[PDB]
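A quick write-up on the structure given underneath.
Heavy atoms only: backbone and side chains are in, while hydrogens, waters and symmetry mates are out. For this chain, numbers begin at 1 and follow the sequence in order. Whatever order the structure lists them in is the order used to number ligands and atoms, beginning at 1.
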Amino acid sequence: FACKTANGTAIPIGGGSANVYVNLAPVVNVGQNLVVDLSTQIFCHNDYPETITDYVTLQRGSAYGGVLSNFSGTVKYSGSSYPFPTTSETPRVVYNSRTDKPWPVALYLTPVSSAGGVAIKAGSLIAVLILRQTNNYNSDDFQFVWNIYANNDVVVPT
Ligand SMILES: CCCCCCCO[C@H]1CO[C@H](CO)[C@@H](O)[C@H](O)[C@@H]1O
């Protein structure tokens, strides 16, 4: 089991960490969602589906910088929604193919009422997402850590 990003940055068998740079809607009004769809940027696969089934959770998701201070968050994992920053490990998604499958994570971030002006700074860390991989074969329990950075400023109109 291993993962890679849309630009080819990979985390190999056994886990590790990688940076993911995301383009963000540049203007987001109070009452609207900023959507960060990581399923278009993080992809994973099973290296031995003949014999092994892999299990993958979002173990936790943390918010940083402007996202922590200026937004109210929800994470959708494989079709179900949870608080973000997270309060529990998600259900498992099965990975059972050698063909890449997106990691089905999307953040929905809506401005808090105090938000205004440059709410996320270009280049800043906005989230850390921990993908936890186990299987039905051995005792493997690996973390794939995704550090999410903003490619651009996000302005909340005042
Ligand atoms: C012939 C026996 C092979 C032994 C395979 C033991 C280690 O397996 C690697 C290869 O990927 C499998 C399937 O994706 C993962 O479940 C593991 O966590 C780990 O990434």
What are the atoms of ligand 1, with element, lying closer than 4.0 Å to any heavy atom of [X]?
X: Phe142; result: 18 (O)
X: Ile52; result: 12 (C), 16 (O)
X: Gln133; result: 15 (C), 16 (O), 17 (C), 18 (O)

Could you identify the single nearest non-hydrogen protein atom to [atom] and state the distance to 0.1 Å?
atom: atom 6 (C) of ligand 1; answer: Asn138 ND2, 3.9 Å
atom: atom 2 (C) of ligand 1; answer: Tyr48 CE2, 3.5 Å
atom: atom 16 (O) of ligand 1; answer: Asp54 OD1, 2.6 Å
atom: atom 12 (C) of ligand 1; answer: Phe1 N, 3.6 Å

Does a side-chain N-to-carboxylate-O contact under 4.0 Å join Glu89 and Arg60? no
Sidechain N-carboxylate O distance under 4.0 Å for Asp47, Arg98: no
Heavy-atom side-chain contact between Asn136 and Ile52 under 4.5 Å: yes
Can you tell if the side chain of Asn19 reaches within under 4.5 Å of the side chain of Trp146, non-hydrogen atoms only? no
Polar contact flag for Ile13 and ligand 1 (N/O pairs, less than 3.5 Å): no
Looking at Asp37, is its backbone amide N or carbonyl O close enough to the side chain of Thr40 to form a donor-acceptor pair, meaning the two atoms are under 3.5 Å apart? yes
Could you tell me whether the side chain of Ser69 and the main chain of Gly65 form a donor-acceptor pair under 3.5 Å? yes
Does a donor on one side chain sit under 3.5 Å from an acceptor on the other, for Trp103 and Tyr95? no
With heavy atoms under 4.0 Å as the rule, classify the contact between [X] and ligand 1 as side chain, backbone, both or neither.
X: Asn46; answer: both
X: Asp47; answer: both
X: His45; answer: neither
X: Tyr95; answer: neither

Pair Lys121, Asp153 - check salt bridge (charged side-chain N to carboxylate O under 4.0 Å, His left out), show working. CA-CA 5 Å; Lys121 293 190 172 197; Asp153 283 351; over 6 Å; no
Please report the C-alpha distance between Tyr64 and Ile126 in whole Å, then the side-chain angles of each, then the deciding distance to 0.1 Å, and finally whether the side chain to side chain contact (heavy atoms under 4.5 Å, CB included) criterion is met. CA-CA 5 Å; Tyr64 295 91; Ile126 61 170; over 6 Å; no
Ignoring hydrogens, just give me the one of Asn135, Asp140, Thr53 whose non-hydrogen atom is nearest atom 7 (C) of ligand 1. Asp140
